[PDB]
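Asks: Can you keep this structure in mind? I'll have questions shortly.
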Ligand SMILES: Nc1ncnc2c1ncn2[C@@H]1O[C@H](COP(=O)(O)OP(=O)(O)O)[C@@H](O)[C@H]1O
């Protein structure tokens, strides 16, 4: 149809575009570069191009697909890795047979030539079907044994023909729904515009923790299945490793790992690592890559595609929410999405808001984060999914006041603010306990009282003594340890113990790669009991200076309590912790005689 | 030719102005104001007039010149005083008797009336010639005996007519060469686009010291002829000694003093001093003004003149380099030139990028300093020259953090670092030895090992004892002087002797106005040997006080060593220093008993 | 870079913290000279107590 | 066998020679009646004098092309200027014969030799590597530098820069690393070392003559110019041209590594000068400034320079990358160091304070970081104790800095016993572990032996980071 | 606000109109007026923000002849926590007073985390005194404000300079500030402290100081209330 | 006087080490980084208006 009229970086103006609609996919150039209309100046329609724009000339035809950016949901969507435009990368490397992505390569998003075993659902011929109803299940892979195929929303009617059990490709007709006289026929895959969230029946309240296997994140600043978590932090501060640990160790029946704007290696090592790593939720050691979809769009990949990547990832996660899987989308840096928005807007030369970012950044981030939340899936049979967006915020210069962080805050219920100063001394996961918060501690009390009743009290005690340590250090770095009382000294020593042995977690060693919730709770009891016994012994008369060397074995036992291998089993580890508690109490009773 | 179409402050938009390249000086108005084409659009070029545009009128002819801002190189340039854009500030005062500079005055940059004696070189008629070939020498003045003229670097061909020996003015068509049949005549002078460096055959590595004559500069913090330099140009620090010693005593065969926007009275002081500074060698009575040109600018000179001041200075310096003369600029207050750049950028609307300075401030400073360097002149005969830029920096408020001073400190190898406190204590030359680093100490080993072998280790020892005393003054402040060991007291006494009688140079007396490199080296040997003999005879002998009182005559001798007359002859002075060292050794041997 | 004060950057804050820097600087100089006076007296006391 | 012949570039393309230069401003020159302009095309401006500046179309609008001239627009006229639209994006002529040739900043040989008799005309800023096709770089490269090997280990393929400030010896450290780099457990493909050595692609951009000739000399002194292809772009060379020098060096590195299978370093010295050139070309177009005046596309552009590095699935090559760069005020939060720390695989920090004490290298091991260390250390590669020794050294160095500050504040007496221990550890650290001769080579094993003999200052009890098994196996005398 | 106006003025009903997250309103206004290519204000916000925020705010207050009234408490997510951001800075102009919910008090666990000194009510002065609430309300409020400010200054000095330099007044003020933030500002989510028992707590708090040191309290109020205990 | 001199000396040292050298970076931030950045943004907006 219309021809090019301007190519100013990732922004292309196309003339003769009289029928174009805002946000409508529009193929560009002779090799069909993908792009979205974003403005109209008459018949001229400013369009982003989601691929490397170098080499477009005035006059290159631009087609109007007449449909917004659609992501092909369905089977075969889970194990693989996608570019930001929902194109598989394994298929690209097998097609072009070259280590680069060709510009304009048109690969069907899902493999159309894999015969998926299909088992028809409860609905039969004549049963009224509504948007979101599950009409069958496909054995996608071992871990996702029942990938419930569901009717796409915005489509209803009465089933006229259904496909019996068997195996089908993604193009074979599965059922035919009659609405009015129109008889639409559906297949395994169904497209969906990413710009609009997948509808849900109702959005419940997130009240089951996203056990992220990290000690400080699990204990002091928990996140909830359906909660929205941001991890602002300077470069080299642990955002990506925290995200990867949360992806490969949390309790979440699916993972969408959207790497919009990171180095390719932190996405190649995910492919290298996940298959050799196993889980236990299904009841058998099965590789975790069976459940995680990588939506990769590295930094040097076309910048306009970062936004498309973040939206494709959130729509994939929301789809797996419609099946009941407690998916947890993991944006690797929402800041690079904001960078893409800034670069596009500045290329349009319009609305420089705070720090050059576009004005609408707050609205887009709010809508994106609100696309999360544990909700009852649409239609029937009834099922409750959850999308919990964890998104590193990567502020420029490490400044918390950087506008993408400030916009991200106020909409994210959890804020694991990382600190560069702690990450410099290799104090993992480098979270800053002073300013981090989690608005989800108030709703988790039900789970805690159901499972670990004295967890919240211990968390409050730990944060209290940590804050006491912070103010005491503020005093000491100006006055010195002389003016400290003895209780102040014990608070400082116990807080140093915590900051070096509980909050810290190597993240890669076999013993602290995944600290399960029961071990974390046990160590909270151990550390707080050590502090309580030491405080009591100091109160009962024994000066802590003498006590330090006499009970040094107990303090070292507490410090080495983090080496208790999590794979040893709950019974073994809890028995070891009860032994440690008893030894603590007896030795502190003996030493105060 | 073209007519003025618009005027707005200084900018002036010509019309029907086809054929004017960017940055081409165009004479504006009936008064022939000089402006440069800063932006050309279609057939109209936005001229940026230098002088005040208070009188311009639509329709006033603007006449092209076809040359970018070009200095006018040639004989007669040795002695005169120039403004930013090379308008002779003496001829302007002489032909237009008024104290002021009339708008649009156009006195030739070089005196046309003076008749120069010219003796042709080895190039006969028919000899092929190339850019930079010395085709004749002109006796400019008694201190520049042979101002070897040379063909412009962008000209070449066969000599068709060469003028015989005789007296010629600058318009006498000295030489006519032929290239592609197109004859081109050459006069005694040639012009050169100021903003492009005069090319060289090969730019060597500068490794011969620029003997400023000051003891501390040549001894501890050397600068290499061909190398750069930075100076705190703040008032009262003592910049006068640096500038006058560079222009009066250093081995540079020419000096290009360039003052950018310096306060009017500062330039008045400089223009009254320089005529009355005399050179003791190369004759006896020749004033330095016979070999230095001054690019002077009061702060109210047109902003473009201040912005091009250092450029015209460096092009004159490159000219005198191409003749084989180790010319050495002294750029006074480069920060005012950075201010001129800031104004040009802001007025042009170019977006500020660092504390208001334009984006290209760093690139411009790097290039301008890169035009330094000992270089082999273009063409033949192949004499080598060298340009040294001793460029002072005087930030806005003495902050020494604005990007101009940071860039100069990053680029300039040696930073002699004057100080106000050292000047209030009347400790001239007021060099602050704590911060005055010099990265030319390493490349100068090739010179030292040739003919002053012990100099590098000697200055390393002197600097380390000086730094040790600077550190130990803090210990003396903390605790009483007696708490210092004997060796520490030796270090303090010797470094006080250093600060009083080696660094502290009178500069006005006849004995130490010019401290030659051999005398400086011999004094260095004497002082370091004094410290070494005291250190040894105390580490293996009696208390420091007893030796110091017993050998006070030796300390007086090494202190009075500053008084040895450099005019006495290098051999006689070296023999005297050897006598002093021998008497030293025997006196310490005696007092050791 | 360096120890921040985690303050909210605005012109009133710049002026306030500039005055605070001036106060702390004069306080450092003042307490340093008080310390030299007291350490002078202290050294006199030490020599008299040795005597 | 002859699969390559399918290139067949013998087709000749006549190129239009426009005279219709309309408007010129800054480094931009604007054409008016170009026929079907291409976006990222290359034009050869022919100035009236005869000088041929090479431009690059940067924006098109109908029949208008906003050509931005590399060598500056000074002297560009409207009447006599002619523009020869080449028709194809900027492509360096590439051959594996570059190794040994000292190029200019824009692909023109200045070694007084001939033009490269190019094997292929690879396109600069080539398409990004398919992240599915990447292989995680986890073969450790023993740089020899002790401060870098045992802590902040570099892996073959890492994008690790060298942060520094002007006056620091970043040039010396990079020269040492390049003369000294080799795999910790070499594959011994050629037992004589014929093909064991790293190629080098040096890309001096915006650097003075002294440093460029220093790198030339230092490559000569080590027999490296038989393997090194400099791309020096000196200070006096045009400022816009410093944009394409990194994209020339990285393109030739991609040819020598992925299309030729040679493990190749890459040095991009004064990357802060590239940042300055990018900022200047941006403010020329009035693009929206980023943090401190740099363009909004600063991150993406710097990434496009960097992300062209790392191993590949089916090919034995690998572009190790060491972009030297200068924080202008030794401020790691500046947009030059901050962004390039966000992209690159962690950075080596060369501190000014350490160098002022006189130690060498001045590598401040605390704020440095390396993200491919976590994989390239352990049992199979290096020794089983590498990771925890590194972590413990980090922790004790940080505690030593804290104790030094505490000693400066509250005097030495108030320091506890472990604080004095940690200060002794820090002194011995910065004096006998970070310090290293400019030529001294410490294999990671003897570097670890020094690290253990320097951690043995502490008693076994307060080495919390060390795993108990490794602590039992190594903390003793053997 | 227009439904509130109908409710209060046209049906004589009493209405309390909360407007939550009006910082998002300012964001929406910025988006519209930056897609309009308007001349932007302080931080890219529209120049006319003052008027199109006054039109939102100033539709409040009672009216002669109508029994209705529109109280309104627009929550305002001031960004980066600096009052001089143009949204809170342009709201402090229009709205008489503001309740400043303060972060570092929240970090210490106080609820509600209301910070008194930046908090204000530019018409608190008329809804107090005799005949409406307790007689001593106006002076007690001033005294609590003054001693809270003194306590914060004493804490700042204690951080900068050792505890020795603090006079007895400063130490008493530190104790008062601790008890203040811990027992008076602190309040349960359902506590519902009536103003009279709030004032009784305020007096039992101020009784830390000697009667000679509550200088902002009028001596009559002192002699009448201080010693009641 | 020994105790007083120790307290005053450590107060002066604490000033010159922590207090002044944290107030100086605070002002350095507040003006040089943030205020200059905000002025730069405002000048960008004004130049867009002018265009
Ligand atoms: N909790 C942790 N466990 C293990 N390694 C960590 C942890 N936190 C940080 N690291 C280390 O620091 C680096 C973290 O990279 P990261 O900062 O996440 O990348 P980004 O800068 O993109 O966020 C990795 O090299 C990792 O080894």
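Chains as they are written, first to last, in the deposited numbering: chain A, 24 to 616; chain B, 24 to 616; chain C, 2 to 52; chain D, 11 to 488; chain E, 260 to 488; chain F, 155 to 205. Note that beta-carbon positions come from the ideal geometry of N, C-alpha and C, so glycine has one too.
#1: From the DSSP output, in three-state form, read off residue 397/D for me.
#2: Mapping DSSP to helix, strand and coil, what is residue 78/D?
#3: Buried or exposed, going by whether 16 or more other CB atoms sit within 10 Å of the CB of residue 47/A?
#4: Would you call the segment 445-453 of chain A and the segment 527-545 of chain A in contact, with 3 or more CB pairs under 8 Å?
#5: Does residue 157/A come within less than 9 Å of chain D when only Cβ atoms are used?
#6: Hey, quick one: how far does the beta strand (DSSP E) through residue 355/B stretch, first residue to last?
#7: Residues of chain C with CB under 8 Å from residue 159/F, in chain order?
#8: Would you give the residue range spanned by the alpha helix (DSSP H) that residue 62/B belongs to?
#9: Is there a C-beta anywhere in chain A that falls below 9 Å from the one on residue 466/D?
#10: Can you have a look at residue 153/D and say buried or exposed, based on whether 16 or more other CB atoms are within 10 angstroms of its CB?
#11: Would you list, in sequence order, the uninterrupted alpha helix (DSSP H) runs of no fewer than 4 residues that lie entirely inside the segment 268-305 of chain E?
#12: Please check if any C-beta of chain E sits within less than 9 Å of the C-beta of residue 16/C.
#13: Given a cut-off of 9 Å on the beta-carbon distance, is the pair residue 375/D and residue 174/D in contact?
#14: Give the straight-line distance between the Cα atoms of residue 597/B and residue 540/B, rounded to the nearest whole angstrom.
#15: For residue 173/F, return the contacting residues in chain E, with the cut-off set at a CB-CB distance below 9 Å.
#16: Helix, strand or coil, according to DSSP, for residue 141/A in the structure here?
#17: From the DSSP secondary-structure annotation, give me the bridge partner or partners of residue 320/A.
#18: Looking at chain D, is there any beta carbon in it that lies within less than 9 Å of the beta carbon of residue 63/B?
#19: Taking the alpha helix (DSSP H) that residue 336/B belongs to, which residues open and close that run?
#20: Using only CA atoms, which one of 156/A, 410/A, 303/A lies nearest to residue 354/A?
#21: Check each candidate in 329/B, 517/B, 447/B, 172/B and name the one with the smallest Cα separation from residue 557/B.
#22: Look up residue 84/A in the DSSP assignment and give the residues it is bridged to.
#23: Going by DSSP in three states, residue 583/B sits in which element: helix, strand or coil?
#24: Measure from the C-beta of residue 187/F to each C-beta in chain C and report whether the shortest distance is under 9 Å.
#25: Is there at least one non-hydrogen atom of ligand 1 closer than 8 Å to the beta-carbon of residue 355/A?
#26: Measure from the C-beta of residue 20/C to each C-beta in chain E and report whether the shortest distance is under 9 Å.
Replies: The relevant details are as follows:
#1: Residue 397/D sits at position 387 when you count from the first residue of the fourth chain. Helix at residue 397/D.
#2: Translated into positions along the fourth chain, residue 78/D becomes position 68. Residue 78/D falls in the strand class under three-state DSSP.
#3: Residue numbering aside, residue 47/A sits at position 24 when the first chain is read from its first letter. Buried, by the Cβ-count rule.
#4: Contact between the segment 445-453 of chain A and the segment 527-545 of chain A is present, because at least three Cβ pairs lie under 8 Å.
#5: In the first chain, the residue the question calls residue 157/A occupies position 134. Nearest CB-CB separation between residue 157/A and chain D: not below the 9 Å threshold.
#6: Taking the first residue of the second chain as 1, we reach residue 355/B at position 332. Here the beta strand (DSSP E) through residue 355/B covers 351-355.
#7: Here residue 159/F refers to the residue found at position 5 when the sixth chain is read from its first residue. Here the neighbours are 36, 39, 40, 43.
#8: Residue 62/B sits at position 39 when you count from the first residue of the second chain. Taken as a continuous stretch (DSSP letters only), residue 62/B belongs to no alpha helix (DSSP H), being part of the beta strand (DSSP E) at 56-64.
#9: Reading the fourth chain from its first residue, position 456 is the one you call residue 466/D. By this cut-off, residue 466/D is not an interface position.
#10: Residue numbering aside, residue 153/D sits at position 143 when the fourth chain is read from its first letter. Buried, because 16 or more other Cβ atoms sit within 10 Å of the Cβ of residue 153/D.
#11: Counting whole runs of 4 or more residues, the segment 268-305 of chain E contains the alpha helix (DSSP H) stretches 281-294.
#12: Numbered from its first residue, the third chain carries residue 16/C at position 15. Residue-level contact check: residue 16/C does not touch chain E, since none of the beta carbons of chain E fall below 9 Å from its beta carbon.
#13: Counting from 1 along the fourth chain, the entry for residue 375/D is found at position 365. Counting from 1 along the fourth chain, the entry for residue 174/D is found at position 164. Contact: no.
#14: The residue labelled residue 597/B in the question sits at position 574 within the second chain. The residue labelled residue 540/B in the question sits at position 517 within the second chain. Between residue 597/B and residue 540/B, the alpha-carbon positions lie close to 12 Å from each other.
#15: Locating residue 173/F in the sixth chain gives position 19, counting from the first residue. The contacting residues are 419.
#16: For the purposes of this step, residue 141/A is taken as residue 118 along the first chain, with counting starting at 1. Residue state, collapsed to three classes: strand.
#17: One-based indexing of the first chain puts residue 320/A at position 297. Residue pairing by DSSP puts residue 320/A in a beta bridge opposite 283/A.
#18: As a first step, residue 63/B must be located in the second chain, where it is residue number 40. Yes, residue 63/B counts as interfacial toward chain D.
#19: Residue mapping note: residue 336/B aligns to position 313 of the second chain, counting from 1. Element bounds for residue 336/B: 332-345.
#20: Numbered from its first residue, the first chain carries residue 354/A at position 331. The shortest Cα separation from residue 354/A among 156/A, 410/A, 303/A belongs to 410/A.
#21: Start at 1 with the first residue of the second chain, and residue 557/B comes out as number 534. Looking only at 329/B, 517/B, 447/B, 172/B, the smallest Cα-Cα distance to residue 557/B is reached by 517/B.
#22: Locating residue 84/A in the first chain gives position 61, where the first residue counts as 1. Residue pairing of residue 84/A in beta bridges, as defined by DSSP: 26/A.
#23: Along the second chain, one-based indexing puts residue 583/B at 560. Residue 583/B carries a helical assignment under DSSP once its states are collapsed to helix, strand and coil.
#24: Stepping through the sixth chain from its first residue, residue 187/F is reached at position 33. Taking Cβ atoms only, chain C reaches closer than 9 Å to residue 187/F, which makes this a yes.
#25: Residue numbering aside, residue 355/A sits at position 332 when the first chain is read from its first letter. The answer is yes for residue 355/A.
#26: Stepping through the third chain from its first residue, residue 20/C is reached at position 19. Not a single CB atom of chain E sits nearer than 9 Å to the CB of residue 20/C.
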